[PDB]
Amino acid sequence: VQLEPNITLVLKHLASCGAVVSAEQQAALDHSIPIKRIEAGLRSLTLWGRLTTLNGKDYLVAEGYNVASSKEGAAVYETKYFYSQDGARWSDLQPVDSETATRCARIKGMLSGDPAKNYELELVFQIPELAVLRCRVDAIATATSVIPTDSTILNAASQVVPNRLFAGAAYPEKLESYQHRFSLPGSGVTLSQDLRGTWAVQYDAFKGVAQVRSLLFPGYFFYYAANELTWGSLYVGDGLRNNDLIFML
Amino acid sequence: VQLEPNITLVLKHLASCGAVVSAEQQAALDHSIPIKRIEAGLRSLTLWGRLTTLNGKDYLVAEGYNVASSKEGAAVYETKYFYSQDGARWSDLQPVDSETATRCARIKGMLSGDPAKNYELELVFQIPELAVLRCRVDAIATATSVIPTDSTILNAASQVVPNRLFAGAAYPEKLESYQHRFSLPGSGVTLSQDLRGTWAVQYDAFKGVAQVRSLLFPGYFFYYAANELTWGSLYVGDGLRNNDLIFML
Amino acid sequence: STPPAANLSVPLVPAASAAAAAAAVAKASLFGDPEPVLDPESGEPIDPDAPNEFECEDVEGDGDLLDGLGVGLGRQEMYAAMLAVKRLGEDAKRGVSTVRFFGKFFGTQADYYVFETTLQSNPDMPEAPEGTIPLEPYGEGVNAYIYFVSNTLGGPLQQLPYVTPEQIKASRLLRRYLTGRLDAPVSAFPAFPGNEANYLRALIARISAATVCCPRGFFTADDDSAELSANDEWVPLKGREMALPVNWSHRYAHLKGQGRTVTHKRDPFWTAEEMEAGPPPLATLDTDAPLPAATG
Amino acid sequence: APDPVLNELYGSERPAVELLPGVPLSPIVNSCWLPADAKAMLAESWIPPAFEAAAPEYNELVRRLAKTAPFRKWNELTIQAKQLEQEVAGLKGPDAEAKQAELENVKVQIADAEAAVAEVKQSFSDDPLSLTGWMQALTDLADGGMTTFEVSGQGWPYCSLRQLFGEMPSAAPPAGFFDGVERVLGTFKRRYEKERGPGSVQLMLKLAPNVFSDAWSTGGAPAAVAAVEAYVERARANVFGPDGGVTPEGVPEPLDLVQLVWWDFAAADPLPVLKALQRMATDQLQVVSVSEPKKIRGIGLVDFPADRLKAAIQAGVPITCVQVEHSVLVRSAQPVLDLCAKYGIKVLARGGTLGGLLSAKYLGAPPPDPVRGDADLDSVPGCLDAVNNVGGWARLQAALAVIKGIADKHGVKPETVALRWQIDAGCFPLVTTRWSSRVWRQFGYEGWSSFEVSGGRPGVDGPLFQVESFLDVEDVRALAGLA
Amino acid sequence: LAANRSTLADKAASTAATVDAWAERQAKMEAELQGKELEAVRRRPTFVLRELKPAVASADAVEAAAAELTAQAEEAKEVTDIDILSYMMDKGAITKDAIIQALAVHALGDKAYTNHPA
């Protein structure tokens, strides 16, 4: 029934999972989220996550879309990404061309702090750290971005809009109740159609709060409260991928 | 949009207005409101306020209701009240008689913390403290209970239910945007058909948040956040209305 | 056009949520004072238990520090952690003397809350069999503390057994997600000698020996023993000086590669495992082993 | 041969059944919800011109006394005395002397019977708990034909959760939920068995171990067996007083049945407690010579899923009955019915009327409200949950209209139709008793509290206790369509 | 939409009327129950005096007691069956235990020996 996830309810429901932000950064966010939302002409802007660096100066990353339309069977959102070392001032994350988008997936290890860092890869190729961060955010968003099913609907002119009459998802424990963001409302694609053991759901029947954690990307959490229909998600931790999933499970 | 007011949102938006709760009580409410909600059949149960006492054990009062009907040209919410000295255990707050409430009205100053006290009035009369507390709480509840206008709507079987297609109150810095819950949704009676100087409204247009303070009862506060479309009200202080209001304006 | 998810008719609470209700009641009981309960068959009140006299640390204070740093659990969970520590230390059946909150381990079905406590009467440790590395008795380097683990704050509280060098050596070979329950096979190969609880205890041992620190100069190391006496002349550093890793030191003894804090040499030649010499007791975090270099 | 009680009362040819080889079972089972606390109920006392026509002595006792075995024996002995006097006056011969000896024998029998009658009449007045409202309610219920009872009450989730899942202090006695109900039912059982019949009234208990407690989790299997043994001992102390718990021969008299209700299966499996209760239900032979005599005559289970019931069968546990929720509008557990039909174990059906919500009222009424409160139902929030599971108040209104039409077709209350539907599916009904001028309201009857209107008749109707159903094929089709 | 508002109001009024009708029917039933109970209480003394089948008091004895009561009344108010019975038990001719025994024998119904042919 909600139209945009709160930044306070997300931090409250995901505090236990370690998805927390500093109090000073929380106040700075509360002040400087609308400023960037108006400076960029975006109708929706929410905090996407927080990535750890070799310094204490983690990257806070917020995403925001202005239009969201159906295109070749994919719900394409025209997202813009912004980063900030502190909660006050935001900078932009320019998209990455395919050559460097493939030369950035081979660079591993947790990032440094200064976004003006050049990695050198193999003749030597110089790649900016902001490109690597953009690649990691794109990979996590492709693999993970999760919303409850039927929470979006298709109107005339083929635009995906929130379902104002969404009554909630029965059986919140089941993974079938949740879907990726880029799945069309008509298609019956959910997280069940992913790999069998890559999503863990723990549901408290009493308080009516379900919690979905990504095991392929260990730092992605998504909560869904059903008594009042409120769902949110956050990624906290480094952006690296968990390759050896078969051994761990 | 919202189904029920969120306690953390209420405490976050009313922090400036001085309506605050202690850390232990906050956590205890978080863990104990659902338990009392499910022990009864109440679809809704939320914190109503915090009355100050003399020993130091403040009275936390919560109210709940199941269904909201319309009867004799008004919205009649059948409510049930609970009180506590600590956030853990909730006890019933018994309703009082009529003459007992008339006698209630003559006790002034903050009531003491112990719920076993007795006040002496005049042929002598013995008035329990819980009766006084319930009298004050029902007086404040009857006087001031704000919801944004047309945030509810009738339906089949004539029950006042939330309006899931609520567009948002237009011009929310004015009292025509808010109304008492008892007022029926269709009717044009709003927060402007009462006395001219017993309500104050502050508005932040950039953040889009409105704060409505009651001047008849200087402890009643209300917020309406337009961007999130979330509203909520709280009371902090002793249940005394300032009769010497005119000299104050 | 009726939307897909028009309406649903569910009961107020699912009929299969008794466990969640019990956990919620247990966590709510942490607050306030226990109201006296009158006995059945009569009106006489049942006298409460006489509490135990224990020792602990400031949990609201370090909750505030961790909230200011933006790490750890929320401030609404550190208060419940304080109350759970108080309940554990207050129990008479299991007599503790000091309590401390270790942390929280995630899992695929539940999570583990861990408290490290010393007891007033250590239990019995079976003697090490022949041909194996001798076990460290209670109070020594690896078994100084006894750990308690629960699923939800409050509620039941099991005691993890001791840890043997075999378990520590076997834990360094495997890499698992914790299923969340305490009776679960960790691995078939590499073989692990025990169920989930033994793996959790070995992980706790390694983490505690690796990542439990105190500000530099706070303690003084015993000249010939391995004890730390509080330094009376310690002058605190202020502000961001406690962000540099050179100003911290390891509060617990280094865990050798053998599976013990101190190597056990056979009596005559020795292998290189037995000649494993470690660092000074109060070892600075600056002089630590860096992670291997990555591709970038 | 049919049940003599049900023969005279309802002209029913139904033969009596036996839950176990020793204990019988009534066609309908009474779940007993106390209206108030046991303390406020065990303290009630019936003891308050030269003639009071409204005095309880001339009104309640004359009815409660004629129903006792000594008085019936006295009347029968008087009848035989008058008869044999008639024949001995007629005969006047050598056989008249033997017949006069028979008359003297029946005279001394009359003497001792009258002494017992005076004894029981005195026993009426020297105890306060007898002749109260609730005691008379259960006495009338048992005399109606439903002699079996079941301890129950407000339960998860509509009750105090600190009294279920809370940690008691160490000094507390080992008393669990549904405690005072056992004491009240035991008091009623002892009073009724003193008045009439040695074992007339049965009683089926309920064991609800708090598997989430610290002691249960940290203890293990020895803790579980110790806990169940302690519960059995306390239940024996409740049903039978400290005196009389053992038979005069020295062998303890066992309980009738213990119902195990499990809260969570992924937390702790019920195998140890089931094995312990089985061992308490069996007597350990030594050579032959009985040792460790049985304390429980049987074991039943509550609301176990079909797979768990099958797993309990596969472990040798002699399960004798299972109670599930299966009404004319709720059919969520069909597999359990088939499994019990295959393995030949009785099944009990709680619900049926959705808590009195299929009554004459609510036909066009708005939904009941918890805060305002309804008193004709037993649990308002439970009734709303039943309504939501059915689908809503509109669907319930349609179903109730259909049921009311079916009822008016024959001339029965709208609830006997649901109860007969339950009986037709094989399961035994489970109806909640009603209190305090609402007696017999669970069967639909109204204004049945006073003797002036009842006339001593039970507040039930014959078609419910009948071997042949009164539901025609169209009615069966409609009720099946209700779903 | 105007007609929809009117119909909704009518439906709500109909449900309220149904609730009120049920309440008043219950009240009427309770009142009739009280009337029956009061009538039975009023009737009882005559019943226990002159219509019990196991005769507590012989007709001659009760009529003699009534005649004596009338004589003592005229020397001084009208005789009443309750007054006759109370005076009779104060005289001691009829005890409470005999009343209880005869009433139980009658309440036995067809099983009573009096209803038995012999």
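Each reported figure results from applying straightforward, stated rules to the coordinates on display, with no laboratory input. All Cβ positions, even for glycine, are placed from backbone atoms using ideal geometry, and neighbour counts span all protein chains on display.
Would you confirm whether any residue within the range D:14-25 is under 30 Å from E:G92 (Cα atoms) and not in a strand (DSSP E or B)?
no
Suppose we filter D:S436, D:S449, D:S454 for residues that are within 14 Å of chain E (Cβ to nearest Cβ), surrounded by fewer than 18 Cβ atoms within 10 Å (Cβ to Cβ) and closer than 21 Å to D:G355 by Cα; which single one remains?
Exactly one residue qualifies, and that residue is D:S436.
Okay, residues lined up against (1) surrounded by 16 or more Cβ atoms within 10 Å (Cβ to Cβ); (2) closer than 18 Å to D:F178 by Cβ; (3) over 28 Å from the mean Cα position of the chain (by Cα):
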residue: D:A226; (1), (2), (3): no, no, yes
residue: D:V239; (1), (2), (3): yes, yes, no
residue: D:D243; (1), (2), (3): no, no, no
residue: D:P248; (1), (2), (3): no, no, no
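Does the range C:64-79 contain any residue that is more than 28 Å from A:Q202 (Cα to Cα), away from chain A (no Cβ under 11 Å) and aromatic (F, W, Y)?
Scanning the range C:64-79 turns up no residue that is more than 28 Å from A:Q202 (Cα to Cα), away from chain A (no Cβ under 11 Å) and aromatic (F, W, Y).
Please find, within the range D:146-173, the residue that is surrounded by the most Cβ atoms within 10 Å (Cβ to Cβ) out of those that are more than 19 Å from D:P35 (Cβ to Cβ) and more than 10 Å from chain C (Cβ to nearest Cβ).
D:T148
If you take just the strands (runs of 3 or more DSSP E) that sit entirely in the range B:1-96, which of them hold at least 2 residues that are over 17 Å from the mean Cα position of the chain (by Cα) and within 11 Å of chain D (Cβ to nearest Cβ)?
In the range B:1-96, B:59-70 are the strands (runs of 3 or more DSSP E) which contain 2 or more residues that are over 17 Å from the mean Cα position of the chain (by Cα) and within 11 Å of chain D (Cβ to nearest Cβ).
Counting only residues that are in a helix (DSSP H, G or I), of a type outside the set (F, W, Y) and surrounded by 12 or more Cβ atoms within 10 Å (Cβ to Cβ), how many does the range E:43-63 have?
Summing the residues that are in a helix (DSSP H, G or I), of a type outside the set (F, W, Y) and surrounded by 12 or more Cβ atoms within 10 Å (Cβ to Cβ) in the range E:43-63 gives 10.
Does the range C:275-294 contain at least one residue that is farther than 30 Å from C:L178 by Cβ and assigned to a strand (DSSP E or B)?
For the range C:275-294, residues farther than 30 Å from C:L178 by Cβ and assigned to a strand (DSSP E or B): present.
Given the options C:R260, C:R251, C:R240, C:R266, name the one that is among the basic types (K, R) and within 14 Å of chain A (Cβ to nearest Cβ).
After applying the criteria, what remains is C:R240.
Of the residues in the range C:95-140, how many are within 14 Å of chain A (Cβ to nearest Cβ) and among the hydroxyl-bearing types (S, T, Y)?
3
Only one of C:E41, C:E53 is part of a loop (DSSP other than H, G, I, E, B), touching a helix residue (DSSP H, G or I) at 6+ places or on another chain (Cβ under 8 Å) and away from chain A (no Cβ under 14 Å). Can you tell me which?
One residue alone meets the criteria, C:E41.
Which of the residues spanning the range B:111-122 are surrounded by fewer than 14 Cβ atoms within 10 Å (Cβ to Cβ) and in a loop (DSSP other than H, G, I, E, B)?
Of everything in the range B:111-122, those that are surrounded by fewer than 14 Cβ atoms within 10 Å (Cβ to Cβ) and in a loop (DSSP other than H, G, I, E, B) turn out to be B:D114, B:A116, B:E122.
Mind listing whichever residues of the range C:1-31 are more than 7 Å from chain A (Cβ to nearest Cβ) and either closer than 13 Å to D:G166 by Cβ or among the β-branched types (V, I, T) (or both)?
Of everything in the range C:1-31, those that are more than 7 Å from chain A (Cβ to nearest Cβ) and either closer than 13 Å to D:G166 by Cβ or among the β-branched types (V, I, T) (or both) turn out to be C:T2, C:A22, C:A23, C:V25, C:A26, C:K27, C:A28, C:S29, C:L30.
Output yes when any residue across the range D:88-95 is aliphatic (A, V, I, L, M) and within 14 Å of another protein chain (Cβ to nearest Cβ), and no when none is.
Looking for residues that are aliphatic (A, V, I, L, M) and within 14 Å of another protein chain (Cβ to nearest Cβ), one finds at least one in the range D:88-95, hence yes.
Has the range A:126-138 got any residue that is more than 10 Å from chain C (Cβ to nearest Cβ), touching a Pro at 6+ places or on another chain (Cβ under 7 Å) and assigned to a strand (DSSP E or B)?
For the range A:126-138, residues more than 10 Å from chain C (Cβ to nearest Cβ), touching a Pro at 6+ places or on another chain (Cβ under 7 Å) and assigned to a strand (DSSP E or B): absent.
Evaluate the following for D:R183: is it in contact with a helix residue (DSSP H, G or I) (Cβ under 7 Å, 6 or more places away or on another chain), assigned to a helix (DSSP H, G or I) and either more than 25 Å from C:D47 (Cα to Cα) or at the interface with another protein chain (Cβ under 10 Å from one of its Cβ atoms) (or both)?
For D:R183, the condition - in contact with a helix residue (DSSP H, G or I) (Cβ under 7 Å, 6 or more places away or on another chain), assigned to a helix (DSSP H, G or I) and either more than 25 Å from C:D47 (Cα to Cα) or at the interface with another protein chain (Cβ under 10 Å from one of its Cβ atoms) (or both) - is met.
Quick one: in the range C:188-229, of everything that is of a type in the set (S, T, N, Q) and not in a loop (DSSP other than H, G, I, E, B), which residue is farthest from the chain's Cα centre (by Cα)?
Among those residues, the one meeting the criterion is C:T220.
What is the one condition in (1) of a type in the set (A, V, I, L, M, F, W, C); (2) part of a helix (DSSP H, G or I); (3) within 28 Å of the chain's Cα centre (by Cα) that D:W216 does not satisfy?
(3)
Output the residues belonging to the range D:41-56 that are assigned to a helix (DSSP H, G or I) and surrounded by 17 or more Cβ atoms within 10 Å (Cβ to Cβ).
Scanning the range D:41-56 gives a single hit, D:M41.
Would you please list the contacts, defined by Cβ atoms under 7 Å and residues six or more apart or on different chains, that run from a residue in the range D:382-408 that is within 14 Å of chain C (Cβ to nearest Cβ) and farther than 17 Å from D:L419 by Cα to a residue that is assigned to a helix (DSSP H, G or I) and aromatic (F, W, Y)?
So the pair list comes out as D:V387/D:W393.
For the range B:97-109, which residues satisfy the criterion of being under 21 Å from B:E63 (Cα atoms) and assigned to a loop (DSSP other than H, G, I, E, B)?
B:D97
Quick check on my filter: what residues within the range E:92-105 are closer than 18 Å to D:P56 by Cβ, buried (at least 18 other Cβ atoms within 10 Å of the Cβ) and within 8 Å of another protein chain (Cβ to nearest Cβ)?
Hits for the range E:92-105 are E:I99, E:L103, E:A104.
Regarding D:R308, is this residue of a type in the set (K, R), farther than 23 Å from D:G199 by Cα and touching a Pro at 6+ places or on another chain (Cβ under 9 Å)?
So D:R308 passes the test.
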